[PDB]
Structure formats: structure tokens, C-alpha cells
> 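Provided herewith is a single structure, encoded as C-alpha cells, for subsequent inquiry.
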Amino acid sequence: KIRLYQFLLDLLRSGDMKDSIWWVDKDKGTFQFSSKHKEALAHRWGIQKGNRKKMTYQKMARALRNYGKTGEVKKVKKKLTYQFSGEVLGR
DNA sequence: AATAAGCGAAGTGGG
DNA sequence: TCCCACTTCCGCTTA
Ligand code: NA
């Protein structure tokens with residue numbers, strides 16, 4: 001199945017949930033979730049994965065934090081904001 | 001307090 | 001066997 005970082009990058013490229021997620025500086029790979037509309041995007045991730053339970057933004061962000069060490073996605077010190085690596089953006 | 005974002009041991013999937 | 005890539009659960013911290 002698709003990886004979480006790829007699901008997010010694909011959404012940003014397609015624009016299909018523009019009210020839930022958006023680029024901040026696409027050249028730098030920085031993006032931000034909507035405070036009010038991020039849960040709908042989390043729900044979509046869980047359904048795409050076929051997980052047993054309903055996915056929540058909290059659980060999705062718990063997965064996102066695990067990318068910090070390997071580098072695919074890092075948290076930015078701004079509300080709801082993260083940054084893809086150059087390697088992820090290049091692929 | 002109420003609300004929200006952010007943080008970081010065991011269970012599940014598919015190798 | 002034992003890692004992948006999360007998922008789920010739980011408790012805590014900061015604003
Ligand atoms: Na939140």
C-alpha cells in the first residue's frame with residue numbers, strides 16, 4: 001500500500017482536498033494542515049489503508065513524527081506545518 | 001476550565 | 001525470525 005508521505009504529496013499535487021492541506025512554500029516542500037478540516041483528510045487516509053479503526057489527525061501525526069529520524073517529513077516550528085525532504089520531492 | 005497542538009509501548013500488516 | 005510501516009493506546013506538556 002501507499003506510504004503516508006506519498007499519500008500527502010499526491011493530495012498536494014492533485015489539489016483534491018485543498019481546504020484540508022496546502023503548500024506553504026512548495027519550492028521548500030513546506031505544507032500545512034487546516035485546523036478545522038484536517039480530520040476529513042485523516043479519515044480518508046484510514047479508509048485508503050483499510051485500517052480497522054477510524055483514523056484521526058492525532059494518529060496520523062503520530063505516524064508523521066516517525067519520519068523525523070529518517071527525514072522524509074520533518075515538523076516545522078509553525079502551527080500544523082511540516083516539510084518534505086528534497087529526496088521525497090524529487091521522486 | 002475548555003480547547004488544541006505537540007510529544008513519544010504494544011499491536012497489526014506484509015513481507 | 002524479525003523487520004516494515006505504521007496503528008492504537010495511553011499519559012504528559014505547552015499555549
Ligand atoms: Na490538534
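Within every chain, numbering begins at 1; the chains are lettered A, B, ... in the order of the sequence lines, protein sequences first and strands thereafter.
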> Is the shortest side-chain heavy-atom distance between A/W22 and A/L11 below 4.5 Å?
no
> Got A/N51 and A/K53 here, is their nearest side-chain heavy-atom distance under 4.5 Å?
no
> To the nearest 0.5 Å, how far apart are OH in A/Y57 and CG in A/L41?
9.0 Å
> Side chains of A/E72 and A/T70: any donor to acceptor distance under 3.5 Å?
yes
> Is there a residue in residues 66-83 of chain A whose heavy atoms reach under 4.0 Å of DNA chain B, and which residues are they?
A/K75, A/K78, A/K79, A/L80
> Under a 4.0 Å N-O cut-off, is there an ion pair linking A/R44 with A/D16?
yes
> Any side-chain heavy atom of A/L4 sitting closer than 4.5 Å to one from A/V73?
no
> Reading nucleotides 10-15 of chain C from the 5' end, what letters show protein touch, with B for base, S for backbone sugar-phosphate only, - for no heavy atom under 4.0 Å?
BB----
> Taking the nucleotide of DNA chain B with the closest heavy atom to each, which residue, A/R65 or A/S34, is nearer the 5' end?
A/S34
> Tell me: NZ of A/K36 to P of B/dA5, nearest whole Å?
11 Å
> P atom, C/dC9 versus B/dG6: distance in rounded Å?
22 Å
> Say you draw a straight line from CG of A/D27 to CG of A/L89; how long is it, rounded to the nearest 0.5 Å?
9.5 Å
> So, OP1 or OP2 of C/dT8: does either fall under 4.0 Å of a side-chain N or O from A/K59?
yes
> Taking the side chain as every heavy atom from C-beta outward, state whether A/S34 and A/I21 have any pair of such atoms under 4.5 Å apart.
no
> Give a yes/no answer on whether the side chain of A/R3 brings an N or O atom under 4.0 Å of OP1 or OP2 in C/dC6.
yes
> Looking only at side-chain atoms of A/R62, point me to the closest of B/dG6, C/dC9, C/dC6.
C/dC9
> Respond yes when some side-chain nitrogen or oxygen of A/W45 is under 4.0 Å from OP1 or OP2 of C/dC6, and no when none is.
no
> Report the distance from atom CG of A/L8 to atom P of C/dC6, rounded to the nearest whole Å.
10 Å
> Looking only at atom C1', what distance separates B/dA10 and C/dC2, rounded to whole Å?
16 Å
> Where the side chain of A/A63 is concerned, which of C/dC6, C/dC9, B/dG8 is the nearest nucleotide?
C/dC6
> Which residue in the set A/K54, A/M60, A/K38 passes side chain to side chain contact (heavy atoms under 4.5 Å, CB included) when paired with A/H43?
A/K54
> Between A/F31 and A/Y82, how do the two ring planes meet: parallel, tilted or perpendicular, split at 30° and 60°?
parallel
> Between A/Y5 and A/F84, does the ring centre distance come in under 6.0 Å?
no
> Counting side-chain heavy atoms from CB outward, which of C/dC9, B/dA4, B/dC7 is closest to A/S35?
B/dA4
> Looking only at the side chain of A/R52 (C-beta and beyond, no hydrogens), which of the listed nucleotides C/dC6, B/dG8, B/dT12 gets closest?
B/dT12
> Looking only at heavy atoms, which two atoms of A/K75 and A/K78 are closest? And how far apart?
NZ-O, 3.0 Å
> Is any side-chain heavy atom of A/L8 closer than 4.5 Å to one of A/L64?
yes
> Any base atoms under 4.0 Å from A/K38, or only sugar-phosphate, or nothing? Heavy atoms, all strands.
sugar-phosphate
> Describe the nucleic acid contact of A/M60 in one word from base, sugar-phosphate, nothing, applying a heavy-atom distance below 4.0 Å.
nothing
> Strictly below 4.0 Å: does A/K54 bring a side-chain N or O up to OP1 or OP2 of C/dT7?
no
> Give the stems involving DNA chain B, where a stem is 3 or more consecutive Watson-Crick or G-U wobble pairs (i with j, i+1 with j-1, and so on) under 3.5 Å.
B:3-8 with C:10-15, B:9-12 with C:5-8
> Send over the distance from A/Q6 CD to C/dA5 P, rounded to a whole Å.
13 Å
> How many Å lie between CG on A/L4 and P on C/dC6, as a whole number?
6 Å
> Can you check the distance between C/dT8 and B/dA4, where both ends of the measurement are the P atom (answer in whole Å)?
22 Å
